[PDB]
Amino acid sequence: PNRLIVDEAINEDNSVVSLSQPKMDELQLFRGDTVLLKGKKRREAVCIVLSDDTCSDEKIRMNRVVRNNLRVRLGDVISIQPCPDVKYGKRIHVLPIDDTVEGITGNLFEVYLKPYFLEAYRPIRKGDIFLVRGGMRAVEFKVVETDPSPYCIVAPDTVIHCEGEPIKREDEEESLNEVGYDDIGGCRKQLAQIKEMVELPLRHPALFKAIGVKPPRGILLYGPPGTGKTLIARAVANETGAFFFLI
Amino acid sequence: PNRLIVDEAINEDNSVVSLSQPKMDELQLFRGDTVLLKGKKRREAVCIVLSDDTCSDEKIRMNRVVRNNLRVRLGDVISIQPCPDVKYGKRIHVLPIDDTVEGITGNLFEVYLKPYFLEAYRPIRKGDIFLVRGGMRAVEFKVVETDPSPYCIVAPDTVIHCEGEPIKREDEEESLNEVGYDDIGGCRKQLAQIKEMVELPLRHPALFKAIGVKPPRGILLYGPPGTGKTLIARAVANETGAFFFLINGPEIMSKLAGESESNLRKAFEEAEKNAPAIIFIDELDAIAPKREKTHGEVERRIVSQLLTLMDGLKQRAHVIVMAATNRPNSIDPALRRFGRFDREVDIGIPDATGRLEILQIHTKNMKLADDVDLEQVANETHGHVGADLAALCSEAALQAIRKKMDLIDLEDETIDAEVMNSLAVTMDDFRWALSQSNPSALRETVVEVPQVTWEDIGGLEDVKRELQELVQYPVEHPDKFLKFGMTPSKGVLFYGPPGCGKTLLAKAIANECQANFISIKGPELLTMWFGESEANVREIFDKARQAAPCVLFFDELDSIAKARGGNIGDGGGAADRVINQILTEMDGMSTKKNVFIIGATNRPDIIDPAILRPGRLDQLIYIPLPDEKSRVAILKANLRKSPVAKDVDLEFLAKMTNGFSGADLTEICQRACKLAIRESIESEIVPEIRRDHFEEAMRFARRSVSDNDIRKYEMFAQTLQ
Amino acid sequence: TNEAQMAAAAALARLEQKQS
Amino acid sequence: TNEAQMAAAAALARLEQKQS
Ligand SMILES: Nc1ncnc2c1ncn2[C@@H]1O[C@H](COP(=O)(O)OP(=O)(O)O)[C@@H](O)[C@H]1O
Ligand SMILES: Nc1ncnc2c1ncn2[C@@H]1O[C@H](COP(=O)(O)OP(=O)(O)O)[C@@H](O)[C@H]1O
Ligand SMILES: Nc1ncnc2c1ncn2[C@@H]1O[C@H](COP(=O)(O)OP(=O)(O)O)[C@@H](O)[C@H]1O
């Protein structure tokens, strides 16, 4: 029940997920309500649901940050449920990741976390990863400790702390600065065509080895240099999880 | 007694064989009776005999499943007897083969065996192998235990059981999913020609070793990639039982000096040890290209090594070497000399009928929706080869699969047989696949028997008869031409106004004669002239020989004369580069090749007179503008497929369109259709083409041939007397 | 006899479905 | 509840700023 397919998002906002209006009435939630998303390995994420005129009725549109927090990939299926009793917290402790803060020093709160958190009313859960951009760097943070649990909303009077050594990245957690589909601008028609050819045999290998229909085995991309031929190949491997070998 | 030769079947039904009526009376069996077939190794099979109008009187037509159950091959002889006392069974135990059920799970009875057995009244014998297709898989089963013995007929109340582990395939029992002759769609004429060359020395080696007549030793198959060159070579080896050894350019050329030559020699040694054997060399142009195209030591040595190994086939008895290339002239000419690769077969590109057969073959396992029309697809897939039609079917299958898989969300190591079995591929998925597919032979020469028949040509009753005398008589009654010392004409030139059916005449006679039609159009003659590549005319006439019997049609024969100024011209004469090569090739062509040359021009006054001399296009037929009774016939032919309303008076139109050509009457027909479509589309924002649509079309349609041009043709025709 | 006649009707019907 | 309604106004305002 309430199991929808994970799709690509247009709104890059890390606290926003898009669902089509008819699903707001099936889930009995109002525009802007706070919901939980159920992912893999007994993990979940909290976000705000907004409506638009582009989301498919049976899909949920979420960005890379939310998918990584749920440990899911495009094409998977996750559960959505409302949580109307969410409240805001008073204390949130956030630390940077060791693999993203390098060569740069200063007051991380004033530069990154303050404009991200202050008066944004973002839902935040313990263990969430999120990305704050600025100063020509892309710095990701992890939430380690909060007073309320397991999640809360950031209030204008919520105090953000940041003390301690940078967090060592987990071996099963991919960096948010890796190449994905949201790094590709034009040539969307070609990216969609390729995804149809490759994502199915790569994500569902049990389908092809069990049927008489053979998969595509070789795809030749052509065009002038500097048009994203390698960028697509990397985005596909990183988004599906296939092992990428460069020649 | 009652011993018949095993032939190929058209009916793929595993429980049915075909026998010609006279054998039903010699065997005293009725149509649909149950008979037993006596095979090899004290084996037999039970099946139902039906009659048709295609089976040879002395042959029995059966499919691969029946032949494997009898352990016989095409060309063998089996005995036939009736068994009118066959009874029905109550219990049949069927198990799958371990080598065919893999990755798929579910209720095998409900998916496969139930629709196969239920109310089918199939004769079944203990130990039979049979194939059930569905769910995009081809799953074969063996019958292990029955209550009656040795065989019975399945009744509607017969219970089918299936418990136990899958059966391990016997080492002497070939899988039914191996390549055979029933996997090849078009190019049936080439497959038959090859079978005659190879099956006799491979199945009857005692014949050739005991006579002074030598077998074919090497056959070169050529045509575009993806046309079945390897598919045929595999089908031949699997159907005859010859040992098949695969060679390909990349495998040999990827090796170092001293390894490529050694591996090529080993391939011949292995075939001899396992003789009778077939050595198939794919991408031959990658191993032994024309000498002028290579200078490397490795390429020169491997050419010499292949030539010596081919010559060694005088001692390597019962070994036949087949090779695949794109063009017969891309390889070292030495290979094609007496011996070695001295036989050649042109596979070509499947035509509309062959493409339908290929689509039907590669959908055997697919469940198709009622809206799927593979004949419509075969007509739309112009320029495709079998490899592209296979890809088209695969893409259509994947599109149908994605639509359902994203809805059921069942992820496991195996696939549910019921899920695939109930998945139907619709016409929208085939049309989508067509838009994604990209023909590999789009610009190749198209050689096929035309679909134009005499019923499609209005008027010209006397020309139709004349063309039959020119084209059919020299081969239908050759003894009369010899008796009277007559030299048959090699070709005819059409002249007259444009749009009067000159092209249709050439196609229609090619169709009735079942001859390949080769169309050369003005732009092609101009391309050769402009690019100073008139040498390509030799390849056109050589293709006509390869495709014989055929009709080679040169349209717009004046295209170059007009390009040179036409009415005034340039500083030269009538002769030009391209026509001279056409004249040369015609002079070197014999009537014994059954190649008939037809030309057409709209300006006979500027055709190089050389083409009209005896031995060339010496016959000249005038195609006039259609008269009143012909214009009615033309309108009916052009509208034969259109939903014309009963209020449309086609005879009135013919009376008014006095000066119109056949092409001009077509513009009226199509313009009226366009108007009917416009109104029909608007009504949704009509069921027939109404008189108003033809009347409005008449407001724009005009004659394209003026009286000044009609006299030009009459004066030429008068000059010819 | 009768069991062969029932198989005869079934084989003839499948042949007509394939020919049409 | 009301804390979710405060997040609703903030999420809707950022979406409109990005769309405009
Ligand atoms: N469509 C695109 N969208 C975004 N960035 C692109 C696009 N096409 C090219 N780029 C950028 O330009 C560069 C292309 O380099 P690369 O992918 O290595 O190409 P190449 O295969 O020619 O070496 C990268 O920095 C990539 O981010
Ligand atoms: N005439 C045909 N009938 C049926 N299938 C065909 C035909 N021609 C080609 N195919 C299919 O297309 C493919 C041809 O590949 P292959 O025989 O390996 O050709 P090549 O020698 O060019 O590699 C196979 O999948 C084959 O089944
Ligand atoms: N006698 C005829 N009967 C039926 N249709 C005709 C006839 N003459 C011309 N047409 C129509 O005119 C069109 C052009 O004819 P075609 O023979 O191709 O012209 P050309 O030989 O000058 O190229 C054809 O598509 C056909 O529909």
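What the PDB entry is called, per its title line, is "Cryo-EM structure of p97:UBXD1 VIM-only state". Of the comments in the UniProt record for chain B, the one headed Catalytic activity reads "ATP + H2O = ADP + phosphate + H(+)". Quoted verbatim from the Sequence similarities field of UniProt, the annotation for chain B is "Belongs to the AAA ATPase family."

Peer 1: I'm lost on the side chain of B:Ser20 in this one. Help?
Peer 2: Residue and element names in this part refer to chain B. Among the structural elements, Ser20 can be located in the loop between β2 (16-18) and α1 (21-26). Take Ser20: its relative accessible area is 7%, and that puts it in the buried class. A polar contact is formed between the side chain of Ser20 and the side chain of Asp57, at a distance of 2.8 Å. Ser20 has contacts with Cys55, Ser56 and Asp57, leaving out every residue within four places of it along the chain.

Peer 1: Quick question: what am I supposed to make of unusual backbone geometry here?
Peer 2: In most cases, non-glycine residues show a negative phi, while peptide bonds are predominantly trans. Residues and elements named next belong to chain B. Cis peptide bonds are those with omega within 30 degrees of zero, and the linkage from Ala275 to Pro276 qualifies with -5 degrees. Tracing the backbone through its elements, the reader meets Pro276 in the loop between α8 (260-273) and β16 (277-282). Between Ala548 and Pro549 the backbone carries a cis peptide bond, its omega angle lying at -5 degrees. Of note, the phi angle at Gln28 is positive, near 55 degrees, even though the residue is not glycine.

Peer 1: I keep staring at the sheet that holds strand β12 (residues 159-161) of chain A and nothing clicks. Help me out?
Peer 2: Sheet strands associate in pairs through backbone hydrogen bonding, adopting either a parallel or an antiparallel arrangement. Residue and element names in this part refer to chain A. What the 4 strands build is an open sheet, ordered β9-β10-β7-β12; its pairing is mixed. Each of the sheet's edge strands pairs with one partner strand only, and the pair in question is β9 (129-134) and β12. For this sheet the average axis-to-axis angle between neighbouring strands, irrespective of direction, equals 40 degrees. With 3 bridges joining them, strand β7 (residues 91-96) and β12 adopt parallel strand pairing. The residue bridging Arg91 from the neighbouring strand is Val159, located in β12. Against the sheet, helix α3 (residues 108-117) touches β7, β9, β10 (137-146) and β12, its axis set at about 115 degrees to β9.

Peer 1: Would you take a moment to explain the nonpolar core for this structure?
Peer 2: In a soluble, globular protein the nonpolar side chains are often hidden away together inside. All names here are of chain B. Residues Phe130, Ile401 and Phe430 are the most contacted members of the largest nonpolar core, which totals 58 residues. Among the elements that line this core, the one with the most residues is helix α12 (residues 386-408), at 9 residues. In terms of nonpolar packing, the next biggest core, distinct from the first, is built from 45 residues, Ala45, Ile78, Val179 and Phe280 among them.

Peer 1: I tried to follow the UniProt feature "binding site: ATP 2" in chain B on my own but got confused; where do I start?
Peer 2: All names here are of chain B. Here the UniProt-annotated "binding site: ATP 2" positions come out as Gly499, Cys500, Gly501, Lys502, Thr503 and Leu504. Structurally, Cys500 can be placed in the loop between β21 (491-495) and α18 (502-512). Residue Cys500 is classed as buried on the basis of its relative accessible area of 10%. Excluding residues that lie within four positions of it along the chain, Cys500 makes contacts with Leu460, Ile623, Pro624, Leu625 and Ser661. Here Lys502 falls in the buried class, since its relative accessible area comes to 8%. Beyond its immediate chain neighbours, meaning those up to four positions away, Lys502 contacts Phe494, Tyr495, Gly496, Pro497, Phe553, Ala600, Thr601, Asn602 and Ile623. Polar contacts involving the side chain of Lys502 include one to the main-chain carbonyl oxygen of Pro497, which spans 2.9 Å.

Peer 1: How should I be thinking about the pattern of salt bridges in this particular structure?
Peer 2: Think of it this way: side chains of opposite charge can pair up when their charged atoms draw near. Tallied over the full model, the rule gives 82 salt bridges over all chains. Between A:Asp7 and A:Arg61 there is a salt bridge whose closest N-O contact spans 3.3 Å. One end of the pair, A:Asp7, is in strand β1 (residues 3-7); the other, A:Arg61, is in strand β5 (residues 59-61), and 54 residues separate them in sequence. By relative accessible area, which is 16% here, A:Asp7 ends up buried. A:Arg61 gets classed as buried once you look at its relative accessible area, which sits at 17%. We note a salt bridge from B:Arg564 to B:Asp570, for which the minimum N-O separation is 2.9 Å. A network of salt bridges, in which partner residues are shared, links A:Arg71, A:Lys142, A:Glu170 and A:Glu173.

Peer 1: Explain the side chain of B:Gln190 here, please?
Peer 2: All names here are of chain B. Looking at the secondary structure, you find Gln190 in helix α4 (residues 188-203). Separated by 3.0 Å, the side chain of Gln190 and the backbone oxygen of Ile347 make a polar contact. Among all residues touching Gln190, those that are not within four sequence positions of it are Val345, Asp346 and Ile347.

Peer 1: For this particular structure, what's the right way to read the arrangement of the chains?
Peer 2: Counting contacts across all 3 pairs of chains that touch, the top pair turns out to be chains A and D. These two, chain A and chain C, are apart from each other, with no contact and a minimum C-alpha gap of 24 Å. The two units chain B and chain D remain apart, with a minimum C-alpha distance of 30 Å.

Conventions used here
Residues numbered from 1 in each chain as written, not as in the entry; some residues may be left out. Chains lettered and ligands numbered in written order. Part of a larger assembly, values for the part shown. Heavy atoms only, no water. UniProt positions renumbered as here; feature names shortened; annotations may be inferred. Helix = DSSP H or I, 4+ residues; strand = E, 2+ residues; numbered from the N terminus. Buried < 20%, exposed > 50% of the residue type's maximum accessible area, 1.4 Å probe, protein only. Polar contact = N/O pair within 3.5 Å; in protein donor to acceptor, adjacent residues only side chain to side chain. Contact = heavy atoms within 4.5 Å. Pairing = 2+ DSSP bridges. Axes fitted to C-alpha atoms, helices over the stretch in contact; angles between N-to-C directions. Core = buried A, V, L, I, M, F, W, Y, C linked by side-chain atoms within 4.5 Å. Salt bridge = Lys/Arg side-chain N within 4 Å of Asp/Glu carboxyl O.

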